[PDB]
Amino acid sequence: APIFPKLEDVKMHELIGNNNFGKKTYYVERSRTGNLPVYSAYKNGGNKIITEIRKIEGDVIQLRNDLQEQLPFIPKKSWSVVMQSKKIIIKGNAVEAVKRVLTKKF
Amino acid sequence: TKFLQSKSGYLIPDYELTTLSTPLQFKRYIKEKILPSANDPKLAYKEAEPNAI
Amino acid sequence: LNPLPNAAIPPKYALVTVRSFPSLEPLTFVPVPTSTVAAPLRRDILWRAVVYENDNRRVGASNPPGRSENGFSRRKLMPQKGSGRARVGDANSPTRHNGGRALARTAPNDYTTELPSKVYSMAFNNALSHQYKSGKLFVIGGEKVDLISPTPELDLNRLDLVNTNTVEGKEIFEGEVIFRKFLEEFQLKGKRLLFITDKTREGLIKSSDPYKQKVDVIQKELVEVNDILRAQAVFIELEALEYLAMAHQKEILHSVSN
Amino acid sequence: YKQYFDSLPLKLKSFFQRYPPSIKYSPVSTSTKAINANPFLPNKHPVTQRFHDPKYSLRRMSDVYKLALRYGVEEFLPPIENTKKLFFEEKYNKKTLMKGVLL
Amino acid sequence: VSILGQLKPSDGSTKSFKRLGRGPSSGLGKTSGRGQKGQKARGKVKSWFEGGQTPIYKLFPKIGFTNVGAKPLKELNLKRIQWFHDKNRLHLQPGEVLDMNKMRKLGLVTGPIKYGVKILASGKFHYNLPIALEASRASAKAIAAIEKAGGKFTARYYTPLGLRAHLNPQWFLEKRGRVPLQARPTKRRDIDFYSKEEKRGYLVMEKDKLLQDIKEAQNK
Amino acid sequence: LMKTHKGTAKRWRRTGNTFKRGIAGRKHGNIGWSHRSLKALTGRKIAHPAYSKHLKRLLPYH
RNA sequence: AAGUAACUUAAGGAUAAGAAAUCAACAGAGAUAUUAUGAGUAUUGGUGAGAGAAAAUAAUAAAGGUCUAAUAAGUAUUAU
RNA sequence: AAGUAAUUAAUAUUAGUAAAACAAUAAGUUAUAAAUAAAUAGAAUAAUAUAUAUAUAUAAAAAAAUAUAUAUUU
RNA sequence: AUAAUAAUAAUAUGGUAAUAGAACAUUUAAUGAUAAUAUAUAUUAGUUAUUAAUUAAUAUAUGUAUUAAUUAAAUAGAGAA
Ligand SMILES: [Mg+2]
Ligand SMILES: [Mg+2]
Ligand SMILES: [Mg+2]
Ligand SMILES: [Mg+2]
Ligand SMILES: [Mg+2]
Ligand SMILES: [Mg+2]
Ligand SMILES: [Mg+2]
Ligand SMILES: [Mg+2]
Ligand SMILES: [Mg+2]
Ligand SMILES: [Mg+2]
Ligand SMILES: [Mg+2]
Ligand SMILES: [Mg+2]
Ligand SMILES: [Mg+2]
Ligand SMILES: [Mg+2]
Ligand SMILES: [Mg+2]
Ligand SMILES: [Mg+2]
Ligand SMILES: [Mg+2]
Ligand SMILES: [Mg+2]
Ligand SMILES: [Mg+2]
Ligand SMILES: [Mg+2]
C-alpha cells in the first residue's frame with residue numbers, strides 16, 4: 001500500500017486533533033519484532049539494575065500512575081520518568097511484571 | 001476551508017486545518033489569531049523576535 | 001476491571017494541502033503520516049543531525065608549520081656552555097620569534113563524524129514535522145493524485161517556471177517577473193526560501209538566480225536537515241515528499257499480536 | 001541469430017572467431033603445422049621434434065569451457081579429454097576417491 | 001526564528017574535557033596532574049612495566065596450543081525455536097525442513113555463520129514442534145526432545161564453500177549460473193561422525209554411496 | 001592499532017570476565033617433596049585484581 | 001632502527017606489475033595495481049623489545065586479453 | 001611561548017534500535033552458553049540446587065570451581 | 001512526586017601532590033533584529049556579592065556588530081623556562 005493514501009481512504013477519526021489523544025491518554029508501541037518495549041539495564045559498573053519502558057507516546061505520568069496501581073508491590077519512590085525521551089525507569093528488575101501488565105492492553 | 005481562506009485573504013495553517021473540526025472552531029481561531037494583528041499593525045509577529053511583548 | 005483505563009489508539013494521519021506553484025492555490029488535501037509531519041519536537045535529535053552535517057561539511061585547511069617543516073638549518077645557534085646566555089638549539093624552536101608552532105596540525109585535517117542512519121532519519125522527520133507545525137511547509141504537486149479543484153491555466157502542478165528561455169523580447173523576460181510577483185504577493189522578500197524538487201528545474205533555477213542570497217534550490221537526493229531548518233519557507237513537490245517519507249521510514253516486519 | 005550469439009561473453013566469442021566450429025580439432029597431440037591442431041593440447045613441432053605449450057593455457061581453457069557449459073555450447077569447442085581436467089558433474093561422477101579416504 | 005539557534009544536546013550526553021596547564025585556580029596548574037618530578041613527569045613509561053621484577057607475562061608458563069583445525073559452531077537452543085513458533089515468526093510450509101538456510105532467513109541464527117550451527121537443548125521441556133530439523137550436529141538431549149515431540153533430526157556435513165552455497169544459492173546462480181555441488185567428506189573425523197547413528201549422521205541415516213565405496217575398498 | 005602482547009597471550013587465556021594461568025614451580029626439582037603437597041602446584045589459577053588492569057591493557061582484543 | 005637517511009647510476013610522462021610451472025582443497029576460482037573486512041587471527045621472536053600474512057567477500061578500473069617464440073640446458077634440481 | 005593529532009582497546013553518561021545492534025551489494029564485528037590445552041562434549045527424568053553442563057575421576061555417583069533453569073525467552 | 005525564589009532547625013565549608021563539579025574573558029563557524037537619539041575603543045565617577053558586565057560625562061572612528069542567546073571548535077587566559 002502507498003505511504004500516502006487517497007483522501008477517501010482516511011476516516012475523520014484517524015486524523016490528529018480528533019479523538020482527544022493529547023489529553024490524559026497514552027500508548028506503547030511494540031518492537032519491530034512484535035515484543036513489549038520493556039528492558040533490563042545494568043549501570044554504574046553492573047551494580048545498578050533498572051527496568052526501562054520505552055516507545056511511549058501520550059501521558060507518561062498517567063501511564064506511570066496506572067502501572068503503579070497495577071504493580072503496588074513496587075515502592076512509589078522507585079519510579080522515575082525521563083521526559084526528553086519519555087521513558088519510565090524503575091529501580092530493580094521488574095521486566096516480567098511490567099510485561100504482564102502491559103500485554104493486557106498493548 | 002478553501003472558500004474561507006479565499007474570501008478572507010489569509011492562509012490558515014494546514015496543521016490547524018487538520019486539527020480544528022467545526023466552523024465555530026475556525027471562527028474562534030481566526031478571531032483570536034489574525035484579527036488582533038490586523039487591527040493593530042504594531043501587535044504583529046516578528047520572525048526575528050519570536051518571544052516579543 | 002480495566003488494568004490500563006486511559007490507554008488509547010493514537011492518530012496516524014495528517015492533512016497537507018497540495019497546491020500549484022506560481023500561485024499557491026489549494027487543489028486537494030492529501031493525508032500524510034504523523035511519523036512524517038506531526039512528530040514531536042526533538043531538539044536533541046536535531047542537534048545531533050546538524051552537528052554531524054556541519055562536521056562533515058568542513059574543509060580542514062589549517063596548516064601551521066611545526067619545528068620540522070619550518071625552513072631553518074638543523075644547527076646549534078650558540079655553544080652550550082660559555083656563551084653566558086640561555087641554552088639554545090636550532091632556530092625552529094617554538095619558543096622563538098621565527099620558530100615553529102608546537103603541536104601543529106597538518107592539512108587536510110579530518111573532522112568527519114558518523115551518526116546512525118535511524119537517528120538521521122528520525123532527525124529528518126523531526127525537521128519536516130517542525131516546518132509543518134510552524135505552517136511553513138508548502139506542498140506543490142499533482143497529475144498523480146485526484147484533484148477536487150482544477151488547476152489554473154496560468155499555473156503549473158510542478159515546482160518550475162516555464163517560458164523562461166524565450167528571451168526574444170526585451171532586456172527582461174517572463175520568468176523573473178513572475179517570480180518577483182510571487183515574492184511580493186506572498187510577502188516574503190528577504191526571507192530564507194528552500195525549494196525541494198524531484199528533477200532539475202532549470203527554469204526555477206534561472207528565475208531565482210537573482211535572489212541567490214536568500215533562495216536555495218535542491219533536489220530530493222541532496223537536501224539536508226540544515227537546509228530544512230534554515231529555510232523560513234520550505235516548498236516541496238509531492239513526489240519529493242513521498243520519496244523522503246519512504247526513505248526515512250521506520251521499518252516493520254510481521255508484528256502480529258492480540 | 002545475432003541477439004543470441006552476441007549475448008555470449010568476450011572470451012567465448014573471441015575463441016569462436018579464432019577457432020571456428022567448422023574445423024574438427026584432433027583429440028590427441030599432433031603436429032604444430034596441422035590444420036586441425038587442438039589449441040588445448042601441447043602439439044609437437046615436426047622439424048625439431050619438441051612439444052609446444054598449448055595456445056590456450058589451463059586457466060584460459062577452463063574459463064572458456066566453463067562459459068561454454070554455462071551457455072550450452074559444448075560440441076562447438078575442441079575436445080578436452082586428453083587435458084587431465086574434468087568439470088562439475090562429470091568430475092564428481094568419475095572421481096576416484098583418495099587412497100587415504102578409502103583405506 | 002530558526003531552530004538552529006536554539007538546538008541543544010540531551011542532558012548527560014556532553015561533558016567538559018579537563019584542561020591542563022592553564023592556571024593555578026583551575027586545579028590543574030603548573031604540574032598539570034603529572035606530580036613532582038620523576039620519569040612520568042616529563043617522560044613516557046609503559047603502563048605494564050614493573051621496575052625489573054619478572055613480569056606477569058614471564059613468570060608463568062606457556063600453556064596450551066591453538067587448534068587451527070577448529071570448527072566453531074553457532075549455538076541454537078530449542079527454546080528459541082519454540083519462542084519463534086509461539087510468536088508466529090517460524091514460517092514453515094507444511095512438509096518443509098528447518099535447515100541453516102531457513103534459520104538465517106527467519107532470523108533464528110543471526111550474524112555470520114562461519115562453519116555451522118549446533119542445536120542444543122535448553123527449552124527441551126517445553127518443545128513440542130513436530131517439524132524436521134537440519135544442522136551440523138545436535139546434543140543428545142536435543143535429539144531426544146526433537147524425536148519425542150514427533151519431529152526429525154539429521155546432521156549434515158558442509159564445507160565453507162558448501163555452506164555458502166547452502167545459505168545464499170542465488171548469489172552463485174546470478175554470478176556463475178550454477179550452485180556448486182556439495183563436497184563429500186574427506187577427513188576421517190567427518191566420516192566417522194556422520195557414520196555414527198547416535199549422532200544422527202546423514203551418511204548412515206540415508207545410506208549414501210560413500211560408505212558403500214569405502215566398504216568396497218576395504219573388502220578388496 | 002594496538003597489537004596483542006604474544007607472551008601474555010601464550011601464558012594467559014580468557015575465561016569468563018577474567019583470565020586464567022598456569023602455576024609456576026613444577027618443572028624440575030620435584031623429587032624429595034611430598035606429592036600431596038605438590039598437588040597444589042598442578043592446574044590453573046585465575047588472574048588477580050592487582051594485575052587485571054595490566055592484563056586488560058596487554059590483551060586489548062581478548 | 002632499516003634496506004630507512006645518504007651517495008651513485010639509468011628511463012618515461014609516468015615508471016613498476018600483469019594474463020599462472022597462481023591459489024586452493026576433492027567443492028572451486030581464474031591477469032595486474034590500490035582500498036575495507038578477514039585480522040593484529042594463522043605465523044614468528046636473546047619465544048625478549050617486538051614483527052605479522054594469505055584464501056574469501058566487496059569498492060575503484062579498462063574492450064582487458066594477446067603472440068611476437070622453429071616453446072627455451074650449464075637451465076630445473078643437488079651440496080655449500 | 002607549552003597535554004595537541006591520527007590508528008586502536010577498556011570504562012562511564014545520554015540518544016537511536018533492542019533479543020538484537022551497525023551495515024545494508026556480499027561480507028563482516030559485538031551479543032545470543034558456560035567450560036577445556038584440545039577433541040566427534042554442552043545446562044530441570046512432573047523443579048532451586050539436594051537437579052543440570054564443563055573440567056579432574058568414571059560402572060555411575062560423591063568431592064573442588066564456575067555457570068543455567070522458580071504471562072514471559074537475556 | 002518537578003523548577004525558581006524565599007523562610008525555619010541541624011550539620012559542613014584551611015589546604016601542597018591529587019580527584020571531582022561549575023562558570024567567565026578571547027577568536028572562529030551555523031541561526032540572528034536593531035542603528036549616528038546607535039555601535040566600538042579609551043579615561044574618570046557610580047551600580048550589581050564584581051577574573052565580568054553595566055550607567056553617566058568626555059575623546060576618536062564608523063550609517064556601523066559574525067551582536068543577545070543556544071550550539072560546534074580552538075594557535076582560548078603568562079611575573080616566572
Ligand atoms: Mg562533534
Ligand atoms: Mg592542586
Ligand atoms: Mg623526588
Ligand atoms: Mg619542576
Ligand atoms: Mg611521579
Ligand atoms: Mg635482575
Ligand atoms: Mg609439565
Ligand atoms: Mg600442605
Ligand atoms: Mg610498462
Ligand atoms: Mg618491517
Ligand atoms: Mg616455455
Ligand atoms: Mg616448456
Ligand atoms: Mg641452495
Ligand atoms: Mg558429572
Ligand atoms: Mg576547601
Ligand atoms: Mg574551617
Ligand atoms: Mg597560547
Ligand atoms: Mg606579556
Ligand atoms: Mg598573574
Ligand atoms: Mg620570562
# chains A, B, ... in the order shown; residues from 1 in each chain; ligands from 1
>>> residues_near_ligand(ligand="ligand 14", cutoff="9 Å", atoms="only C-alpha atoms (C1' of nucleotides) and all ligand atoms", output="list in words")
residues 53, 54, 58, 60 and 61 of chain H
>>> write_last_selection(atoms="C-alpha atoms (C1' of nucleotides)", output="PDB file, in the first residue's frame")
ATOM      1  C1'   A H  53      26.568 -28.553  31.723  1.00  0.00           C
ATOM      2  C1'   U H  54      32.015 -28.473  31.523  1.00  0.00           C
ATOM      3  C1'   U H  58      34.338 -42.580  35.957  1.00  0.00           C
ATOM      4  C1'   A H  60      27.723 -44.063  37.782  1.00  0.00           C
ATOM      5  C1'   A H  61      27.763 -41.022  41.694  1.00  0.00           C
TER       6        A H  61
END
>>> residues_near_ligand(ligand="ligand 12", cutoff="7 Å", atoms="only C-alpha atoms (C1' of nucleotides) and all ligand atoms", output="PyMOL selection string")
(chain D and resi 53) or (chain G and resi 71-72)
>>> residues_around(residues="residue 108 (chain C)", least_positions_apart="5", cutoff="12 Å", atoms="only C-alpha atoms (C1' of nucleotides)", output="number ranges by chain")
C: 58-64; H: 5-6
>>> write_last_selection(atoms="N, CA, C and O atoms (P, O5', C5', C4', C3', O3' and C1' of nucleotides)", output="PDB file, in the first residue's frame")
ATOM      1  N   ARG C  58      33.142  20.350   6.788  1.00  0.00           N
ATOM      2  CA  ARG C  58      34.338  21.162   6.936  1.00  0.00           C
ATOM      3  C   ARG C  58      35.371  20.821   5.869  1.00  0.00           C
ATOM      4  O   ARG C  58      35.311  19.782   5.210  1.00  0.00           O
ATOM      5  N   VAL C  59      36.332  21.724   5.709  1.00  0.00           N
ATOM      6  CA  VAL C  59      37.419  21.568   4.753  1.00  0.00           C
ATOM      7  C   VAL C  59      38.696  21.100   5.436  1.00  0.00           C
ATOM      8  O   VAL C  59      39.328  20.140   4.997  1.00  0.00           O
ATOM      9  N   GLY C  60      39.091  21.768   6.514  1.00  0.00           N
ATOM     10  CA  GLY C  60      40.292  21.400   7.231  1.00  0.00           C
ATOM     11  C   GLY C  60      41.556  21.892   6.564  1.00  0.00           C
ATOM     12  O   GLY C  60      42.474  21.111   6.306  1.00  0.00           O
ATOM     13  N   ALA C  61      41.621  23.191   6.291  1.00  0.00           N
ATOM     14  CA  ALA C  61      42.756  23.796   5.614  1.00  0.00           C
ATOM     15  C   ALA C  61      43.802  24.340   6.575  1.00  0.00           C
ATOM     16  O   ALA C  61      44.754  24.984   6.127  1.00  0.00           O
ATOM     17  N   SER C  62      43.650  24.107   7.877  1.00  0.00           N
ATOM     18  CA  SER C  62      44.621  24.602   8.843  1.00  0.00           C
ATOM     19  C   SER C  62      45.933  23.850   8.690  1.00  0.00           C
ATOM     20  O   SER C  62      45.950  22.618   8.617  1.00  0.00           O
ATOM     21  N   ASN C  63      47.033  24.590   8.651  1.00  0.00           N
ATOM     22  CA  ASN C  63      48.320  24.007   8.309  1.00  0.00           C
ATOM     23  C   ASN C  63      49.463  24.857   8.847  1.00  0.00           C
ATOM     24  O   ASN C  63      50.259  25.386   8.063  1.00  0.00           O
ATOM     25  N   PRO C  64      49.582  25.014  10.161  1.00  0.00           N
ATOM     26  CA  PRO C  64      50.719  25.739  10.717  1.00  0.00           C
ATOM     27  C   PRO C  64      51.984  24.906  10.637  1.00  0.00           C
ATOM     28  O   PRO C  64      51.958  23.700  10.923  1.00  0.00           O
TER      29      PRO C  64
ATOM     30  P     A H   5      43.216  17.141  18.944  1.00  0.00           P
ATOM     31  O5'   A H   5      43.511  17.045  17.384  1.00  0.00           O
ATOM     32  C5'   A H   5      43.251  15.855  16.659  1.00  0.00           C
ATOM     33  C4'   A H   5      44.397  15.529  15.740  1.00  0.00           C
ATOM     34  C3'   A H   5      44.518  14.073  15.332  1.00  0.00           C
ATOM     35  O3'   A H   5      43.684  13.744  14.243  1.00  0.00           O
ATOM     36  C1'   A H   5      46.619  14.869  16.044  1.00  0.00           C
ATOM     37  P     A H   6      42.099  13.649  14.440  1.00  0.00           P
ATOM     38  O5'   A H   6      41.690  12.477  13.449  1.00  0.00           O
ATOM     39  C5'   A H   6      42.045  11.135  13.735  1.00  0.00           C
ATOM     40  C4'   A H   6      43.352  10.738  13.089  1.00  0.00           C
ATOM     41  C3'   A H   6      43.635   9.247  13.096  1.00  0.00           C
ATOM     42  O3'   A H   6      43.001   8.592  12.018  1.00  0.00           O
ATOM     43  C1'   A H   6      45.552  10.419  13.837  1.00  0.00           C
TER      44        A H   6
END
>>> residues_around(residues="region 29-39 of chain C", least_positions_apart="2", cutoff="9 Å", atoms="only C-alpha atoms (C1' of nucleotides)", output="compact mmCIF listing (two decimals) with N, CA, C and O atoms, in the first residue's frame")
# COMPACT_ATOMS: atom_id res chain seq x y z
N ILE A 3 2.40 4.94 0.85
CA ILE A 3 2.62 5.62 2.12
C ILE A 3 1.58 6.71 2.34
O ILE A 3 1.06 6.87 3.45
N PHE A 4 1.26 7.47 1.29
CA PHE A 4 0.18 8.45 1.36
C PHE A 4 -1.07 7.84 0.74
O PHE A 4 -1.08 7.60 -0.47
N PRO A 5 -2.12 7.58 1.50
CA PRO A 5 -3.34 7.03 0.91
C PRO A 5 -4.21 8.12 0.30
O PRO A 5 -3.97 9.32 0.47
N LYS A 6 -5.24 7.68 -0.41
CA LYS A 6 -6.18 8.61 -1.03
C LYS A 6 -7.05 9.27 0.04
O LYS A 6 -7.25 8.75 1.14
N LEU A 7 -7.57 10.45 -0.31
CA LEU A 7 -8.34 11.23 0.65
C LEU A 7 -9.58 10.47 1.10
O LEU A 7 -10.00 10.60 2.26
N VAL A 10 -9.05 7.65 4.14
CA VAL A 10 -8.83 8.01 5.54
C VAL A 10 -10.13 8.49 6.16
O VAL A 10 -10.89 9.24 5.54
N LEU A 15 -7.33 11.20 12.09
CA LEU A 15 -6.51 12.40 11.96
C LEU A 15 -6.13 12.94 13.33
O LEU A 15 -6.74 12.62 14.35
N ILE A 16 -5.08 13.77 13.35
CA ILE A 16 -4.66 14.38 14.60
C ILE A 16 -5.74 15.34 15.09
O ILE A 16 -6.66 15.73 14.35
N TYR B 15 -1.83 22.48 9.72
CA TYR B 15 -1.97 21.80 11.00
C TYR B 15 -3.28 22.16 11.67
O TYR B 15 -4.00 21.29 12.17
N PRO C 11 -3.48 8.77 16.68
CA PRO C 11 -3.78 9.09 15.29
C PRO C 11 -2.63 8.66 14.38
O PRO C 11 -1.49 8.48 14.82
N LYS C 12 -2.96 8.49 13.10
CA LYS C 12 -1.96 8.00 12.16
C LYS C 12 -1.98 8.73 10.82
O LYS C 12 -1.46 8.20 9.83
N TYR C 13 -2.56 9.93 10.76
CA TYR C 13 -2.57 10.68 9.51
C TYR C 13 -2.78 12.16 9.80
O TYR C 13 -3.36 12.53 10.82
N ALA C 14 -2.30 12.99 8.88
CA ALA C 14 -2.46 14.43 8.94
C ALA C 14 -2.56 14.96 7.52
O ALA C 14 -2.01 14.36 6.59
N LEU C 15 -3.25 16.08 7.37
CA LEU C 15 -3.58 16.60 6.05
C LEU C 15 -2.61 17.70 5.64
O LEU C 15 -2.27 18.58 6.44
N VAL C 16 -2.18 17.65 4.38
CA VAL C 16 -1.40 18.71 3.76
C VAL C 16 -2.11 19.14 2.49
O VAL C 16 -2.64 18.31 1.75
N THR C 17 -2.13 20.45 2.24
CA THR C 17 -2.75 20.98 1.03
C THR C 17 -1.78 20.88 -0.13
O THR C 17 -0.65 21.36 -0.05
N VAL C 18 -2.23 20.27 -1.21
CA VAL C 18 -1.49 20.28 -2.47
C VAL C 18 -1.87 21.55 -3.22
O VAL C 18 -3.03 21.95 -3.23
N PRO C 26 -4.98 26.11 -3.30
CA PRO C 26 -5.23 24.71 -2.94
C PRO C 26 -5.99 23.97 -4.03
O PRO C 26 -6.88 24.53 -4.68
N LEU C 27 -5.63 22.71 -4.22
CA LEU C 27 -6.31 21.81 -5.14
C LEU C 27 -6.94 20.63 -4.43
O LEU C 27 -8.09 20.28 -4.72
N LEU C 41 8.60 17.53 18.73
CA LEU C 41 9.87 18.21 18.51
C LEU C 41 10.94 17.59 19.41
O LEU C 41 10.78 17.54 20.63
N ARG C 42 12.03 17.12 18.79
CA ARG C 42 13.19 16.58 19.49
C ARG C 42 14.38 17.44 19.11
O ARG C 42 15.13 17.13 18.18
N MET C 122 15.29 9.91 11.84
CA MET C 122 14.42 10.49 12.86
C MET C 122 14.57 12.00 12.89
O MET C 122 13.57 12.73 12.99
N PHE C 124 15.47 13.91 10.40
CA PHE C 124 14.87 14.46 9.19
C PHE C 124 13.35 14.56 9.33
O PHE C 124 12.74 15.58 8.99
N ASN C 125 12.73 13.49 9.85
CA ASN C 125 11.30 13.53 10.10
C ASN C 125 10.96 14.65 11.08
O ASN C 125 9.94 15.33 10.93
N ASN C 126 11.80 14.84 12.09
CA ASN C 126 11.53 15.87 13.08
C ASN C 126 11.60 17.26 12.46
O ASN C 126 10.78 18.13 12.79
N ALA C 127 12.56 17.50 11.58
CA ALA C 127 12.66 18.80 10.92
C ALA C 127 11.45 19.05 10.03
O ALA C 127 10.87 20.15 10.04
N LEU C 128 11.05 18.05 9.25
CA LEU C 128 9.86 18.21 8.42
C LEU C 128 8.63 18.48 9.28
O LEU C 128 7.80 19.34 8.95
N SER C 129 8.50 17.75 10.39
CA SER C 129 7.37 17.96 11.28
C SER C 129 7.40 19.36 11.88
O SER C 129 6.35 19.98 12.08
N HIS C 130 8.59 19.86 12.20
CA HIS C 130 8.71 21.20 12.75
C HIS C 130 8.24 22.24 11.75
O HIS C 130 7.50 23.17 12.11
N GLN C 131 8.65 22.10 10.49
CA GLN C 131 8.19 23.05 9.48
C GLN C 131 6.68 22.97 9.31
O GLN C 131 6.00 24.00 9.23
N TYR C 132 6.13 21.75 9.27
CA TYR C 132 4.69 21.60 9.12
C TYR C 132 3.94 22.22 10.29
O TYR C 132 2.93 22.90 10.11
N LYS C 133 4.43 21.99 11.51
CA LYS C 133 3.79 22.54 12.70
C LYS C 133 3.87 24.06 12.71
O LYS C 133 2.92 24.74 13.12
N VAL C 145 -2.45 12.48 -8.34
CA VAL C 145 -3.47 12.34 -7.31
C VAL C 145 -4.73 13.03 -7.80
O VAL C 145 -4.70 13.94 -8.63
N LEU C 147 -7.73 15.43 -8.04
CA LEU C 147 -7.94 16.84 -7.70
C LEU C 147 -9.42 17.14 -7.65
O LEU C 147 -10.16 16.81 -8.59
N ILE C 148 -9.87 17.76 -6.56
CA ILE C 148 -11.25 18.22 -6.44
C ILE C 148 -11.40 19.69 -6.79
O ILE C 148 -12.51 20.23 -6.70
N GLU C 242 6.87 12.32 -0.97
CA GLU C 242 6.66 10.88 -0.97
C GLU C 242 7.98 10.14 -0.85
O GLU C 242 8.13 9.22 -0.03
N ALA C 245 9.65 10.68 2.64
CA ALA C 245 8.91 9.95 3.66
C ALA C 245 9.19 8.46 3.57
O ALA C 245 9.41 7.81 4.60
N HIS C 248 12.94 7.81 4.84
CA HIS C 248 13.10 7.98 6.28
C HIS C 248 11.87 7.46 7.00
O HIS C 248 11.11 8.19 7.64
N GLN C 249 11.67 6.15 6.88
CA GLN C 249 10.52 5.46 7.44
C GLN C 249 10.98 4.38 8.41
O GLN C 249 11.97 3.68 8.16
N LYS C 250 10.27 4.26 9.52
CA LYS C 250 10.51 3.16 10.44
C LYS C 250 10.11 1.85 9.78
O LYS C 250 9.10 1.78 9.07
>>> residues_around(residues="residue 57 (chain C)", least_positions_apart="2", cutoff="12 Å", atoms="only C-alpha atoms (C1' of nucleotides)", output="list in words")
residues 50, 51, 52, 53, 54, 55, 59, 60, 110, 111, 112, 113, 224 and 226 of chain C; 29 and 30 of chain I
>>> closest_residue(among="H:24, H:37, H:67, H:18", to="chain E", atoms="only C-alpha atoms (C1' of nucleotides)")
H:37
>>> residues_near_ligand(ligand="ligand 7", cutoff="12 Å", atoms="only C-alpha atoms (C1' of nucleotides) and all ligand atoms", output="ChimeraX atom specification")
/E:61-64 /F:22-28,30,41-44 /H:37
>>> write_last_selection(atoms="N, CA and C atoms (P, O5', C5', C4', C3', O3' and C1' of nucleotides)", output="PDB file, in the first residue's frame")
ATOM      1  N   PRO E  61      54.070 -20.141  33.009  1.00  0.00           N
ATOM      2  CA  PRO E  61      54.469 -20.932  31.843  1.00  0.00           C
ATOM      3  C   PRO E  61      53.543 -20.782  30.647  1.00  0.00           C
ATOM      4  N   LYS E  62      54.026 -21.111  29.450  1.00  0.00           N
ATOM      5  CA  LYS E  62      53.168 -21.072  28.278  1.00  0.00           C
ATOM      6  C   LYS E  62      52.304 -22.323  28.272  1.00  0.00           C
ATOM      7  N   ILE E  63      50.989 -22.139  28.286  1.00  0.00           N
ATOM      8  CA  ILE E  63      50.038 -23.232  28.435  1.00  0.00           C
ATOM      9  C   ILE E  63      49.236 -23.365  27.151  1.00  0.00           C
ATOM     10  N   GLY E  64      49.156 -24.586  26.637  1.00  0.00           N
ATOM     11  CA  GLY E  64      48.209 -24.911  25.597  1.00  0.00           C
ATOM     12  C   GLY E  64      48.664 -24.534  24.205  1.00  0.00           C
TER      13      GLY E  64
ATOM     14  N   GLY F  22      48.582 -20.841  34.241  1.00  0.00           N
ATOM     15  CA  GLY F  22      49.171 -21.998  34.870  1.00  0.00           C
ATOM     16  C   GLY F  22      49.951 -21.631  36.117  1.00  0.00           C
ATOM     17  N   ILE F  23      50.425 -22.660  36.810  1.00  0.00           N
ATOM     18  CA  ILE F  23      51.186 -22.473  38.039  1.00  0.00           C
ATOM     19  C   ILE F  23      52.656 -22.352  37.675  1.00  0.00           C
ATOM     20  N   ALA F  24      53.464 -21.868  38.612  1.00  0.00           N
ATOM     21  CA  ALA F  24      54.902 -21.758  38.437  1.00  0.00           C
ATOM     22  C   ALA F  24      55.600 -22.561  39.523  1.00  0.00           C
ATOM     23  N   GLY F  25      56.540 -23.412  39.117  1.00  0.00           N
ATOM     24  CA  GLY F  25      57.413 -24.078  40.060  1.00  0.00           C
ATOM     25  C   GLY F  25      57.281 -25.583  40.105  1.00  0.00           C
ATOM     26  N   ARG F  26      56.925 -26.206  38.988  1.00  0.00           N
ATOM     27  CA  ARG F  26      56.793 -27.656  38.927  1.00  0.00           C
ATOM     28  C   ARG F  26      57.354 -28.193  37.614  1.00  0.00           C
ATOM     29  N   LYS F  27      58.534 -27.713  37.221  1.00  0.00           N
ATOM     30  CA  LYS F  27      59.195 -28.206  36.022  1.00  0.00           C
ATOM     31  C   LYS F  27      60.571 -28.807  36.282  1.00  0.00           C
ATOM     32  N   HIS F  28      61.069 -28.762  37.513  1.00  0.00           N
ATOM     33  CA  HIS F  28      62.229 -29.548  37.919  1.00  0.00           C
ATOM     34  C   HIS F  28      62.437 -29.334  39.412  1.00  0.00           C
ATOM     35  N   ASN F  30      61.539 -31.612  41.756  1.00  0.00           N
ATOM     36  CA  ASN F  30      60.333 -32.080  42.425  1.00  0.00           C
ATOM     37  C   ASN F  30      60.564 -33.281  43.327  1.00  0.00           C
ATOM     38  N   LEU F  41      50.577 -27.357  43.083  1.00  0.00           N
ATOM     39  CA  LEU F  41      51.323 -26.702  42.021  1.00  0.00           C
ATOM     40  C   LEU F  41      50.948 -27.225  40.642  1.00  0.00           C
ATOM     41  N   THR F  42      49.890 -28.024  40.546  1.00  0.00           N
ATOM     42  CA  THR F  42      49.383 -28.537  39.282  1.00  0.00           C
ATOM     43  C   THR F  42      47.991 -27.972  39.050  1.00  0.00           C
ATOM     44  N   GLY F  43      47.735 -27.512  37.825  1.00  0.00           N
ATOM     45  CA  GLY F  43      46.451 -26.953  37.462  1.00  0.00           C
ATOM     46  C   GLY F  43      46.581 -25.511  37.006  1.00  0.00           C
ATOM     47  N   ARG F  44      45.540 -24.731  37.285  1.00  0.00           N
ATOM     48  CA  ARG F  44      45.470 -23.339  36.882  1.00  0.00           C
ATOM     49  C   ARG F  44      44.973 -22.486  38.039  1.00  0.00           C
TER      50      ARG F  44
ATOM     51  P     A H  37      42.670 -25.837  30.612  1.00  0.00           P
ATOM     52  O5'   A H  37      43.163 -25.817  29.105  1.00  0.00           O
ATOM     53  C5'   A H  37      44.153 -24.902  28.665  1.00  0.00           C
ATOM     54  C4'   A H  37      44.653 -25.279  27.297  1.00  0.00           C
ATOM     55  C3'   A H  37      43.586 -25.748  26.329  1.00  0.00           C
ATOM     56  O3'   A H  37      42.944 -24.664  25.690  1.00  0.00           O
ATOM     57  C1'   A H  37      45.399 -27.263  26.306  1.00  0.00           C
TER      58        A H  37
END
>>> interface_residues(of="chain F", to="chain H", cutoff="10 Å", atoms="only C-alpha atoms (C1' of nucleotides)", output="list in words")
residues 1, 2, 3, 15, 16, 43, 53, 56, 57, 58, 59, 60, 61 and 62 of chain F
>>> closest_residue(among="I:17, I:3, I:72, I:40", to="ligand 5", atoms="only C-alpha atoms (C1' of nucleotides) and all ligand atoms")
I:17
>>> select_by_dssp(residues="chain B", states="helix (DSSP H, G or I)", output="ChimeraX atom specification")
/B:2-8,14-19,23-39
>>> closest_residue(among="B:25, B:51, B:19, B:39", to="chain A", atoms="only C-alpha atoms")
B:19
>>> atom_distance(atom1="CA of residue 18 (chain E)", atom2="atom 1 (Mg, counted along the ligand's line) of ligand 4")
20.9 Å
>>> residues_near_ligand(ligand="ligand 18", cutoff="12 Å", atoms="only C-alpha atoms (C1' of nucleotides) and all ligand atoms", output="list in words")
residues 1 of chain H; 77, 78, 79 and 80 of chain I
